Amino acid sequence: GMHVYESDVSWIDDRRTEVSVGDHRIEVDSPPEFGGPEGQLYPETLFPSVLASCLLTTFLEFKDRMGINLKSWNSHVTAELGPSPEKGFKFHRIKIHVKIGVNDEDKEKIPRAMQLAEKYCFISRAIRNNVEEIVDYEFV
């Protein structure tokens, strides 16, 4: 009864990969700090961004469920990659700072909604205890 999601990932050349998902094709490379090219998508930016997308889509469920009139949501993502005590690297922290536009009458529901969103977010769950995840917000 699992829902199964499939994709393909190949080596182009050098430090360059191609992600294929349905009819979409994305170049995802090593970043400059590890010898890759400048100006491309990297796992280092794409993974935290997908985290922040999943957080937002989980929030949207709770937003509908709780009758919140959401006007806008913009989030800035800051991911820190650093040394692991197991050698090599790991994500130390991923910070997601959200600017939320809602009706004033809905503001009181937001702490709960945000906590729920992060709790039930599939990617948040995936990285629990291994990466510090700091989600905060301000009303605009």
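Residue numbers here begin at 1 and follow the sequence given.
The deposited model assigns a higher average Cα B-factor to 99-107 than to the other stretch when 59-67 and 99-107 are compared. Of the two segments examined, 114-122 and 13-21, it is 13-21 that shows the higher average Cα temperature factor in the deposited entry. Per-chain ranking of the deposited C-alpha B factor places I26 in the highest third. When the modelled residues of the chain are ordered by C-alpha B-factor, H92 sits in the highest third. Sort the modelled residues of the chain by CA B factor and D136 lands in the lowest third.
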